[PDB]
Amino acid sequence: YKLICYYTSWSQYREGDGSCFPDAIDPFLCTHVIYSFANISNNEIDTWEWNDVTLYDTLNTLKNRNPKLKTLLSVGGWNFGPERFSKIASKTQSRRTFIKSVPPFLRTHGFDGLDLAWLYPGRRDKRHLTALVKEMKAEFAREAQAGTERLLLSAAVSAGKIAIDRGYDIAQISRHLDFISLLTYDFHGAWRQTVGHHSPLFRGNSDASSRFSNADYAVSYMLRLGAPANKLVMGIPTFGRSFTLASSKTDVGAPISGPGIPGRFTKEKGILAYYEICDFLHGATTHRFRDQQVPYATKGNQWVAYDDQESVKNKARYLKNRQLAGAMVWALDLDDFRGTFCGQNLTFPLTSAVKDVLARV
């Protein structure tokens, strides 16, 4: 089984214990570690943070301890505009320029592959996404002739049905990608005023609409569209999504006034790192959706939908039972990487719980 783990560039800037450097990563925890995110300047792959070359170097030294470890650099991300990806992929000339700049960059910094995070391709983009993937793969095969191990090519894909039908030719890109990470955790649309879980495993027998918004449907659908199970990787969040309640009602369908207040270290309305959630739990009321199989908590006017060791182990067993290629974790820096916030003196409790399940066959 594969254990794909993301590390974010900006996590280095968090205060105190929140600060996380590649250096804090257990070399034997994951099979693949993806650095997020690379940028695109003058139609060429480029660094993002001022100290990326230094951090790139720090992350890739981990392979001195675990020779089997594979690293990839991810391009795109949610802060990188989709229009930019769209513009580059639409013109064969700007697309070929981008493609050619990649292998040399990956080789200079010691990466074993490239991860595509175009979020997201629209109706007019579908055909070009396919061309981009296909041509990028062809360049990697051509570059391997130089005698060095062929670079890997992956992509992070939306788990929402409408998004899938709109911009992806799954059957086509599946044959060129080494693996596909399903983003099965942004299911509760940032649009409306209700409380809900962002990463439920199952539908939840007490609802009619949006049967599409849960990991199980997304996986089944991808398999139905043509994606082979041995190339599919299921995303498991290491963060939670918070809400500020508009009333004293704390259960399903309860009214929402907006995102939950920022975390002390994460400082971003709407989300909390798992290590922040562990602190938040003290004095909170914990509940669990039996049907969906995921937990949530409340304290004051704050409502949090998250994943714990149990929900995460549960998702890992599901993935195995369906014979998928493995799991993807977003993100190492949001897990209790120091092992000092969540009780158990265990480092990376969430990612470890997944690994343990994956290891038992």
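Throughout, we count residues from 1 along the sequence that is shown. Note that the rigid core is defined as the largest set of C-alphas that superpose within 1.5 Å between two forms.
Colleague: If the other structures are each fit on the rigid core, which stretch ends up farther away in C-alpha terms in 8 other deposited structures of this protein, 202 to 210 or 230 to 238?
Modeller: Relative to the shown form, the greater RMS C-alpha distance in 8 other deposited structures of this protein belongs to 202 to 210.
Colleague: Could you check the entry and say whether 32 to 40 or 58 to 66 has the higher mean CA B-factor?
Modeller: For C-alpha atoms only, the mean B-factor is higher in 58 to 66.
Colleague: Between 168 to 176 and 187 to 195, point out the one with the higher average CA B-factor as the PDB entry records it.
Modeller: Comparing averages over the C-alpha atoms only gives 187 to 195.
Colleague: Quiz for you: based on the deposited Cα B-factor, which of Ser181, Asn230, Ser74, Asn205 is highest?
Modeller: Highest C-alpha B-factor among the listed residues goes to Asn205.
Colleague: Quick one: which of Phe212, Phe111, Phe239, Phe98 shows the highest Cα temperature factor in the PDB entry?
Modeller: Out of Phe212, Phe111, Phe239, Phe98, the record gives the largest C-alpha B-factor to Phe212.
Colleague: Which third, lowest, middle or highest, does the CA B-factor of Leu350 fall in along this chain?
Modeller: Lowest third of the chain for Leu350's C-alpha B-factor.
Colleague: Thinking about Cα B factors across the chain, which third does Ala359 belong to?
Modeller: Tercile = highest for this residue's CA B-factor.
Colleague: Please place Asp115 in the lowest, middle or highest third of its chain by C-alpha B factor as given in the entry.
Modeller: Tercile = lowest for this residue's CA B-factor.
Colleague: Among the modelled residues of its chain, does the C-alpha B-factor of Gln292 lie in the lowest, middle or highest third?
Modeller: As the PDB entry reports it, the C-alpha B-factor of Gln292 lands in the highest third of its chain.
Colleague: Based on the deposited C-alpha B factors for this chain, I'd like to know if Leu132 is in the lowest, middle or highest third.
Modeller: Tercile = middle for this residue's CA B-factor.
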